[PDB]
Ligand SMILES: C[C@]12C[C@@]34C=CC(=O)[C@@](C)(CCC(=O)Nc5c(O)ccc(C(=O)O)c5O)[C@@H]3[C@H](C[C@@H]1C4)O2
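To begin, one chain is listed below as structure tokens, in the form deposited without ligand PMN.
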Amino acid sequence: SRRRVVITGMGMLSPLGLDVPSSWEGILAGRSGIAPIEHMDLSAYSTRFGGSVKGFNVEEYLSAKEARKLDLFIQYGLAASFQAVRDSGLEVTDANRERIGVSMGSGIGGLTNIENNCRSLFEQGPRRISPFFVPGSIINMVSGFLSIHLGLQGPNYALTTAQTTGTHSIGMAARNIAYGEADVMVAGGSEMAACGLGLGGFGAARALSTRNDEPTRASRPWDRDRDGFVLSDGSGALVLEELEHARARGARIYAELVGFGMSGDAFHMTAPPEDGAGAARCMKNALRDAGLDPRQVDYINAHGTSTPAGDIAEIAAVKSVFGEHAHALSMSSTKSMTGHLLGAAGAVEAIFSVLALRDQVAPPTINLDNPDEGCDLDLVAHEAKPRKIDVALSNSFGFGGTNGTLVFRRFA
């Protein structure tokens, strides 16, 4: 019968910091992590900036010998996972290792690695492909490598649901525990899609902000002058735990995961419907899953990608789900500061939603100078808003019309 699930550990690499507290400090201070990209030449690209992870040292986590075999998205995923597990205080034993699993996902996975091996194949031939090309690039190897290093013998898998990956990964890991398949799950996602194919590929679709001359002002969710999303890199990981197992070991509990919804738009490969019908269905599934009156919702960490269509669809979804209470809750997009971490989006934003509950503060939407037509809710423009938050909701929407919603509340 269905068990309760709490958050006892979190971990992160973001464009604002190499852990949670440094990332969170940046969020509350309204700081942008967006900057011209330095790790490659982008003069031929329409977009030349993004949220890079700055000064990441993999040797805080892994031997240079193992690190060399792994795409950055895996290094980022393991870093966030290791932080989350350490932060949880949990010790892995023969008694519990079969009951601890991992679900760390990615939207695109090892694109840099596949690109670099593609260049070796084309310039030199197949004999120059790394022997580590497959284990070092494919999306499930965050879950795999993490299980090997820590001895996790529980459910071991990975989701790939584009920009919804992190939310789905956390949601379904919670279901694992809820239904007794595991007592502990490390869940979230990682992304590093800032290579030629990534920036080029989103470039070709005309999906990215081209504001190359003012990168910190590019990501401006619901601003009338927004021109697409800002591509960003990193990882979020949470330790999810059965409540009684957490109480049994005297775990510090950040919050309770009370609600998970999924829906498909069944509308368009890449465009959300203007009315946010699928987002609405998703949030309603989540609230019913949590047993909540929608008026209990205090804070929404929006998907809020800074696209023309996605942003307005979210307002429509929120107004349709919350009616008049849509004017009382606070909604913000931390993507205003971090940019869009794609598959890791839902993972870092679930962490911000939990830290919103711990600290009783709504993070800001920076750059919201001129709210667009119909965008007339509390969008926490410019500056963090201290306020009562009992219930926090985190939304993700992806290519394929794939929707995810997480519902967190304060735990006593």
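All residue numbers refer to positions in the sequence shown, first residue = 1. If you superpose the two forms and keep the largest set of C-alpha atoms that fall within 1.5 Å, you have the rigid core.
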Higher Cα RMS in 9 other deposited structures of this protein relative to the shown form (core alignment), 38-46 or 360-368, goes to 38-46
Looking only at C-alpha temperature factors in the entry, 164-172 or 218-226, the higher average sits in 218-226
Of 342-350 vs 373-381, the stretch with the larger average CA B-factor in the entry is 373-381
The largest CA temperature factor among 151, 155, 234, 196 is found at 196
The largest CA temperature factor among 105, 250, 259, 304 is found at 250
Chain thirds by Cα B factor, record data; residue 290 belongs to the lowest
In terms of its chain's C-alpha B-factors, the third that includes residue 92 is the highest
The third of the chain into which the C-alpha temperature factor of residue 312 falls is the highest
Binned into thirds over the chain's modelled residues, the C-alpha B-factor of residue 145 lands in the middle
In terms of its chain's C-alpha B-factors, the third that includes residue 73 is the lowest
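The following text describes the form deposited with ligand PMN bound, which does not appear among the structures shown.
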Are any of the heavy atoms in residue 163 no more than 4.5 Å from a heavy atom of ligand PMN in the deposited complex? yes
* Asked: Using 4.5 Å between non-hydrogen atoms, is residue 207 touching ligand PMN in the deposited complex?
  -> yes
Answer for residue 75 alone: is it within 4.5 Å of ligand PMN in the deposited complex, judged on heavy atom distances? no
Might residue 268 be said to contact ligand PMN in the deposited complex, defining contact as any heavy atom within 4.5 Å? yes
Taking ligand PMN in the deposited complex and a 4.5 Å non-hydrogen atom cutoff, the residues of 282-320 making contact are 303, 305, 307, 308, 309, 310
